[PDB]
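Next up is one chain by itself, shown in C-alpha cells, the form deposited in one PDB entry.
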C-alpha cells in the first residue's frame, strides 16, 4: 500500500464536504449529515494497485488566505470542485482557485469535478436560476473549463444519489500514481 494525499478545493456551496462524507461512509447518511469532515484514510484498489488515500477538506478556510495554504504540503491529487446548480462557482475556478493551486502544488494533477449533477434536471433549481438570467452548468461548459485550466480530467457526480462518486475517487488515485 502506497500513501497518497488528496485535497478538495472550491467555493463554500460547491458541496465538497458532502462528497467526502458520502465517499468515506460509502452511504448517504440517512439520519444526520455532519457539518464538518475531519480527515480519512481510504483503502482503495485501482487497476490492480493498492493505495492508502488520505482525504482532506478545505471547508471553512476559503476566507483565510494564510491558513488555507497549510492544507497543500505533499498533495498528490487536487479535486477542484464546483456545483452544477451554481454557474458563479465555476466562473471562480480560473481566476481564483487555479492560480493558487498551481503555485502551492506545481505539477500536481487537478481533476475538475462538477458536483450536484442531479440538480441539472431539478424543477426548483431551473426556476430559481432563471430568476437571475442563468441556467445549470452544461456538460460541455465543464469540459471546456477543464481544458482552459489544464485539468488532468473533467468528471461529474451527485453525492445525494451516490452516482459517479466511486469513479471520481478511483480516477483521483490513478492521477496520484502518475509520475
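So that the term is clear: the rigid core is the largest set of C-alpha atoms that superpose within 1.5 Å between two forms. Residue numbers count along the first chain shown, from 1.
The same protein has a further form, the form deposited in another entry, not shown here; the description that follows concerns it.
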(request) Once the rigid core is lined up, just say which one of 54, 129, 149, 59 has a C-alpha that travels 2 Å or more between the shown form and the other one. (result) 59
(request) Would you tell me if residue 33 moves between the shown form and the other one by 2 Å or more at its C-alpha, with the rigid core held superposed? (result) yes
(request) Just say closer or farther for the C-alpha distance from residue 60 to residue 87 in the other form, relative to the shown form; it changes by 3 Å or more. (result) closer
(message) Taking the cut-off of 3 Å or more as given, in which direction does the distance between the C-alpha atoms of residue 17 and residue 30 change in the other form, closer or farther?
(response) closer
